[PDB]
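In case you want the letters, here they are:
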Amino acid sequence: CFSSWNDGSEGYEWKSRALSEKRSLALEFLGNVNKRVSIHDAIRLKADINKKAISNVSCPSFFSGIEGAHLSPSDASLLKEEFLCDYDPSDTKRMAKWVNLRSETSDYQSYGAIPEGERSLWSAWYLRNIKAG
Amino acid sequence: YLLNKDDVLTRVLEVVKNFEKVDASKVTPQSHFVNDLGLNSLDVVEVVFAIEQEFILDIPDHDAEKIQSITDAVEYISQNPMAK
Amino acid sequence: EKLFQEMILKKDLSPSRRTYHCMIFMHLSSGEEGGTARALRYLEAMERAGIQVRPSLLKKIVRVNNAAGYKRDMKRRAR
Amino acid sequence: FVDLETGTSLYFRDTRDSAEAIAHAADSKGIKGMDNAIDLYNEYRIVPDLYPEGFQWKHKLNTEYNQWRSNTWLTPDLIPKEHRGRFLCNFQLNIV
Amino acid sequence: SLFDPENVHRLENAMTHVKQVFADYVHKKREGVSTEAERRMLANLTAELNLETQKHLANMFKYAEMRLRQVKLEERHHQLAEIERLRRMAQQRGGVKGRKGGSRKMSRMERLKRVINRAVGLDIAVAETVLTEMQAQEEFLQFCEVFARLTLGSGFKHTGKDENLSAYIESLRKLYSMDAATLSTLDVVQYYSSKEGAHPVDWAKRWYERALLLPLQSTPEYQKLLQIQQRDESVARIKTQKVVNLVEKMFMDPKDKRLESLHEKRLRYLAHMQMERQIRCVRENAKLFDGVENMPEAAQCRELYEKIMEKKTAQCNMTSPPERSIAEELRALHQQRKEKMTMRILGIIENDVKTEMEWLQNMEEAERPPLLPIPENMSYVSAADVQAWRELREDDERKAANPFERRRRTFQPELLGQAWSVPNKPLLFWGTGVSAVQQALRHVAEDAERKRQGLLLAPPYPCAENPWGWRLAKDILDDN
Amino acid sequence: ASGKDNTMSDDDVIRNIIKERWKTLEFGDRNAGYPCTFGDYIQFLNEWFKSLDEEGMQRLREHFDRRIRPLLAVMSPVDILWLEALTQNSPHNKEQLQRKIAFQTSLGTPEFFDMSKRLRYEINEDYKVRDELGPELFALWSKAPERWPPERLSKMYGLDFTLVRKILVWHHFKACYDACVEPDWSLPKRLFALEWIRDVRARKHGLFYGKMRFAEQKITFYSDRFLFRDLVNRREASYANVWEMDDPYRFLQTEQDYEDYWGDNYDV
Amino acid sequence: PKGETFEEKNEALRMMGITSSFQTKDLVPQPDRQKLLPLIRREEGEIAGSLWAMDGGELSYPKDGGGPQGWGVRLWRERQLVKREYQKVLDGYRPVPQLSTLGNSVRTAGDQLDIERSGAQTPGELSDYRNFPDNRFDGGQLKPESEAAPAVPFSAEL
Amino acid sequence: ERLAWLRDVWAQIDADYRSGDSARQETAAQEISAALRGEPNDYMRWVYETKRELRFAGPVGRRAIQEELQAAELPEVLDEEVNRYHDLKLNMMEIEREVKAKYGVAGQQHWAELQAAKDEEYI
């Protein structure tokens, strides 16, 4: 909820899940030998089926999508921006900082990011992006 | 339709020549397997299985008894029309 | 050589050390017969006119002659 | 398993402490200590620290990942203040 | 207020929670097991994020600098479009006044329209013209989409043979150099920055004309509607007392000889934005409406295939011939903008968790065993293959002779070190194996004397006599 | 799947199915669904290496150097143990290796494994210098050596002087050894003549030797201008490299004198 | 004499009945450009060994017994030299190496799927494939570099 | 050149410290207190991170970063500064305090599991 988004021991039922998924992804990328297999015909087909299976999933929209049919400077700015600017390329990239695209995947997808000194199972390298604020 | 007998003879000449028991010099276009080439009767059954792999058609068991030489072997394959 | 003797004889200009080095290394780098004998004439003209003869010039003369030995051998084998 | 640039000796003297250096390298190696080189003259090696002052980050330490391991006696206050962070060359110790 | 830069540490925690909620929802949606509770949790989180975004709209209008820059750019573009529309309307009104002075009703209508535009604080004529342009562009795109769906049975596939960015730039340069007959890069980028919202149509028109092989500038009516839409759319002491803006003095003049490369890069950026908007809208038309092309009726496909055959026959014939209520609606518009903003947020989070679940499942997809090969007939080289590949074998021998043609042989397989050659004899199965049976007869005679005498082999367990433990495979048919 | 391989030739589908069938090879029981065992593969390797000649062993070592040697130079020995556990395919051996933390943590990273591509490219580049440019250099030197000397080939191809001469010697000796012909021993005496006189010495067993920096204790030619002019005039009147076709070797008018001079008595 | 240039060389080889594989100097292997291979040849030794082998005895390979002359120490020192070169790669002194088959086969299978669907040669192309999802084609194929244009700020007009 | 760039930076801090606004003088006092205590700036960390990102990106991303930051007054930073920043080991105590502040008792359980893995790898 709104109160469960701040820090300080609130929202424990999902904070422990996110800290377990950060741990299980680090142990699977480092300590699981059976993941370093070159891909074959079964992996190329069934992940392509898994590629289409996630794309067939449609998000359930809320009731917000339903509709029916001397001004101030702040009120006229919203009406002028909606009619003259239907597509804004500057605003869709401001959302990319908030959503933080490839949050838990780009830490293992980047080139030369992980040092060899923190390539152990006890190492704490997936918690460097944690900011208390 | 039917393959000519010159090509079927040259096909079956190379099949018998690759057998390990017989020699490549003693095989003639008119020859017998047991008498001339010196083969056991189990190897004569092994001869017709090589013809079943060279020519992909299935030779029946009654027609396999009727072939005992190379002159009837090239004649029987030339009679069969399902060969490609 | 035409511009060199037109500078020396007509315009009475004293050539510098660099343009003497250029006429030395041009005859040294050319594989024709007598280029060394003309580069030594330019060396004599540097010596008797007060132009400085540096040791780097001598080492570069030896190095450029040993490098242009290939061009000399090509022009000798072509005959 | 020597390094030919940093792991060799300057002097001719055989101090005959090679087995002690091999035992100390076996005690100092861990999960990744088998990968790096072995220095038989590491007990006499003095590598000067080139970073006495700089940016001191809060989230990061003052040492680096690829750091040469110190000795049992080697402390950073041996080099004095006027020579600290100045020597670009590693030194080797010889006892008179 | 959440989207301010002060509560970003709360924001990433909220995004993490929404990501966990969507990761449960997509998982229970692809498995089909009680997705109603995940939908209710997502609705509660969407309501909380909608309240946070309703506060954060004002919080980012007051705090965020990029929102203020986008608002200033949108206001400048709207003022430029309103100035162009007002100049065109003033020219039309001056022509109507010079043609006839008795225009009192037209002057009253123009005054009423100006009063309505001043009350609405926007130019209604330019907005209605842009809406008509978007409507005709959408109708043309839907017509071309159903035409490419029914005629050839295909959709939109962006390939490498399409019109690239540089050719699009040169084509726009040739178009506007035929329009104004003398131009520079500065006027082109000024016109493209002044338009700034017009949906371009020429790149998709060329991409459909390369697929249909028919001219589209005169044959449909939507193209002529877009064309007529583009036709009707297109002292000293006082300045000394006027204060000079120091911010304008820090920028160079637009007619400067150091700014040509920046104008070229801006032209490349604007053409890339136009091509990207065309690719996005045609991909949206192929995503929402081309899914019905696979489920289309047989009559609409067959009659259009007959029409495509008739068009091919016509092309062959052409080749033969050649040879109290304002505030309520304002609150409704503000709520619509807020819910559009939070749905644009939720769609990006949905695509984020889609890519995250794809990359997380692609790790687990590696550990599964591969497929089983189907049983094929046995590998056999017949004598017809030997007699057919004889001349190629001789040519491969001649090419293996010389070093310059050694690697240019047509048949070169390779094992570890050796290169395979063309076989000169048929490789058969039934003729071989006559020595192994004799060796097995001698071995089974020796084994029978062994079992009658009671002898053991070399120790099959890895003892000191043989460090590699060499064990014969104990066969059930060879049990004794 | 249609979208990945829309249009490709027959050799492309042959290479693709060959790659996919090379990927799916495992070593288990012959009746359990696997094609062969590990020991059958070891027997195939042993009796395949037994049937090789010297040229076959040479091609085997060249295939080792081109492909397997950079991968062995990059990979850790724990990666070699992991690959051996993948060969033997025993679940007990794999699960006994999987409990060790040092086995799991010390596996190599692909960012370090990408150096094997550049090392493989450099080794295949040296083998392309040898096997591809080699016959062209040999043809250009063997048709007209006075038109294309080794220094001209070394300048116009930019490889090296000694590398070009070693390529020529290796190509002639490789053509002689593969045809069961005794090689022409005079060719290293003809391409490395100064090197044969300078370097090739008889060496005894239990002692170490040195090398003379100069042949004579002399005065330098930089000490006087006249000695310098004499050296420059003598280097003008000298070759840079002398071969069998030049004017000092023009007295060899008969091929019998050619074989007598360049064969077995060149040191005399 | 003629034959120094490549046109005269190719014409002379045409008169000799030889079509040369190297028409110009762009198709020259140029062993002076090598950086890792002379570094390996200087310190440890010849990594090939069987490059110059007449009859099978001029090959330089480590011994079969082991110890300091065996294969393990030689492969360890070669791996240390390649580690020095990779440390030079990480510090920006050397260019980024392309994707190897050994490197691709050890990666996460999702990265292998993205590489085989994108056709990326360098990992920088894979980073451009991931950080710009609107750049690729409809078959997942990577677009060339010239088809992307970044936003030019007005603050460069100061 | 770096001292000239630092003068150009601190001219803005001196302008905000003498402006008269409460927020500008407060942020300028925060910058002065962060500089006097020896604390390094976040801008240098961001510059090092974006320089390493510019180093390890492909040509589209490299052109995008170079076109975004061509007008932004970035200091000329050598690669050795980025290598000095990147190769520093991270502090365990600061990450521990950050995981106890950001997460609550779940952070305590996660740090207990991390110390369990540490003393497991010790054995």
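Conventions we followed
Residues numbered from 1 in each chain as written, not as in the entry; some residues may be left out. Chains lettered and ligands numbered in written order. Part of a larger assembly, values for the part shown. Heavy atoms only, no water. Residues with missing side-chain atoms left out of burial classes, pairs and counts. Helix = DSSP H or I, 4+ residues; strand = E, 2+ residues; numbered from the N terminus. Rg over C-alpha atoms; globule rule 2.2 N^0.38 Å. Buried < 20%, exposed > 50% of the residue type's maximum accessible area, 1.4 Å probe, protein only. Axes fitted to C-alpha atoms, helices over the stretch in contact; angles between N-to-C directions. Parallel < 35°, antiparallel > 145°, perpendicular 65-115°, else oblique. Contact = heavy atoms within 4.5 Å. Nonpolar A, V, L, I, M, F, W, Y, C, P; charged D, E, K, R; others polar. Left-handed = near helix turned anticlockwise from the far one by under 90°. Salt bridge = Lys/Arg side-chain N within 4 Å of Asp/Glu carboxyl O. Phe/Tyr/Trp six-rings, centres within 6.5 Å; stacked < 30°, edge-to-face > 60°. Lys NZ or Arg CZ within 6 Å of the ring centre and 35° of its normal. Polar contact = N/O pair within 3.5 Å; in protein donor to acceptor, adjacent residues only side chain to side chain.

Determination of this PDB entry was carried out by cryo-EM to a resolution of 3.1 Å, according to the record.

Undergrad: Sorry, what's going on with the overall build of chain B here?
TA: In terms of regular secondary structure, chain B is built from four helices and zero strands. Compactness check: chain B gives a C-alpha radius of gyration of 12 Å against a globular reference of 12 Å for 84 residues, within 12% of the reference. Taking the principal axes of the C-alpha coordinates as reference, chain B spans close to 35 × 25 × 20 Å. Within chain B, the proportion of its 84 residues that are buried is 45%.

Undergrad: What is the right way to look at the overall build of chain A in this model?
TA: Of the regular secondary structure elements, chain A holds five helices and zero strands. Secondary structure of chain A in N-to-C order comes out as α-α-α-α-α. Its C-alpha radius of gyration of 22 Å places chain A more than 25% over the 14 Å reference for a compact globule of 133 residues.

Undergrad: Looking at this structure, how should I read the packing of helix α9 (residues 133-143) of chain F against helix α11 (residues 161-177) of chain F?
TA: All names here are of chain F. Close contact between α9 and α11 brings their axes to 9 Å; oriented N to C, the two are set at 90°. Considering the angle they form, α9 stands roughly perpendicular to α11. Packed against α9, whose contacting residues are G134, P135, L137, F138 and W141, the element α11 presents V164, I167, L168, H171 and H172 at the interface. Residues belonging to the contact of α9 with α11 are distributed by class as follows: seven nonpolar, three polar and no charged.

Undergrad: Explain the interface of chain G and chain F to me, please; I cannot follow it from the model alone.
TA: Size of an interface, as often reported, equals the accessible area lost when the parts are brought together. Taken residue by residue, the interface counts 54 residues in chain G and 54 residues in chain F. For the side of chain G that touches chain F, the elements supplying multiple residues, two or more each, are α1 (6-15), α2 (36-43), α3 (71-90) and α4 (101-105) of chain G. Per-element accounting of the side of chain G that touches chain F gives the leading share, nine residues, to α3 of chain G. Taken together, the residues of the side of chain G that touches chain F break down into 30 nonpolar, eleven polar and 13 charged.

Undergrad: Before we go on, may I ask you to explain the packing of helix α2 (residues 17-29) of chain C against helix α3 (residues 35-47) of chain C in this structure?
TA: Think of two packed helices as two axes; the pair is described by the angle between the axes and how far apart they sit. Residue and element names in this part refer to chain C. At a minimum axis distance of 7 Å, the contact between α2 and α3 shows a crossing angle of 165°. Taken together, α2 and α3 sit at an angle that is classed as roughly antiparallel. Note on packing geometry: the crossing formed by α2 with α3 is left-handed. Counting all contacts with α2, which are made through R17, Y20, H21, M23, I24, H27 and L28, the residues of α3 involved are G35, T36, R38, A39, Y42, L43, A45 and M46. Of the residues that constitute the contact of α2 with α3, the class distribution is nine nonpolar, four polar and two charged.

Undergrad: Could you clarify how one ought to interpret the interface of chain E and chain A in this entry?
TA: Across the contact, 61 residues belong to chain E and 57 residues belong to chain A. Among the elements of the structure, α1 (8-31), α2 (36-62), α3 (65-99), α12 (260-288) and α15 (326-364) of chain E are those that each provide at least two residues to the side of chain E that touches chain A. When its residues are assigned to classes, the side of chain E that touches chain A shows 31 nonpolar, nine polar and 21 charged.

Undergrad: Please explain the arrangement of the chains as it appears in this structure.
TA: Ranking the 17 pairs of chains in contact by number of contacts places chains F and G first. For chain B and chain C, which are not in contact, the least C-alpha distance works out to 61 Å. Taking C-alpha atoms as the reference, chain B and chain F come no closer than 20 Å and do not contact one another.

Undergrad: Is there a simple way to think about the pattern of salt bridges in this case?
TA: A side chain with one charge may pair with a side chain of the opposite charge, provided their charged atoms come close. The shortest N-O distance in the salt bridge between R94 of chain A and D91 of chain A comes to 3.9 Å. Here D91 of chain A and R94 of chain A lie together in helix α4 (residues 89-99), a separation of three residues that amounts to about one turn. The salt bridge involving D184 of chain F is made with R190 of chain F; its shortest N-O contact spans 2.6 Å. Salt bridges linked by common partners bring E33, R72, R76 and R79 of chain C together with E236 of chain F together as one network.

Undergrad: Explain the environment of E125 of chain F here, please?
TA: By secondary structure assignment, the location of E125 of chain F is in helix α8 (residues 115-131). With 94 residues separating them along the chain, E125 of chain F and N31 of chain F place their C-alpha atoms 45 Å apart. Look past the residues within four positions of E125 of chain F in its chain and what remains in contact with it is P29, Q30, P31 and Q34 of chain G.

Undergrad: Just checking my understanding: could you explain the packing of aromatic side chains for this structure?
TA: The geometry of an aromatic ring pair comes down to the distance between the two centres and the angle between the two planes. With a centroid separation of 5.5 Å and 80° between ring planes, the pair formed by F4 of chain C and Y20 of chain C is classed as edge-to-face. Here the residue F4 of chain C occupies a position in helix α1 (residues 2-10), and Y20 of chain C occupies one in helix α2, the gap between them amounting to 16 residues. By way of ring pairs, the aromatic residues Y249, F251, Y261, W262 and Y266 of chain F are connected into one cluster. In this arrangement the basic side chain of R225 of chain F is found over the ring face of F226 of chain F, its NZ or CZ atom lying 4.8 Å from the centre. For the cation-ring pair, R55 of chain H lies above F56 of chain H, with the distance from its terminal atom to the ring centre recorded as 5.9 Å.

Undergrad: Explain unusual backbone geometry to me, please; I cannot follow it from the model alone.
TA: Of note in the backbone geometry, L213 of chain E takes a positive phi value of approximately 60° without being a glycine. Backbone geometry places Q30 of chain G, a non-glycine residue, at a positive phi of 60°.

Undergrad: Explain the side chain of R84 of chain H here, please?
TA: Mapped onto the fold, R84 of chain H is located in helix α5 (residues 79-86). At 2.5 Å, the side chain of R84 of chain H forms a polar contact with the side chain of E64 of chain D. Leaving out residues up to four positions away in the same chain, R84 of chain H has contacts with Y51, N62 and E64 of chain D.

Undergrad: Explanation requested: the environment of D131 of chain F in the structure shown.
TA: With respect to the secondary-structure elements, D131 of chain F resides in helix α8. If sequence neighbours within four positions are ignored, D131 of chain F has contacts with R407 of chain E together with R66 and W170 of chain F.

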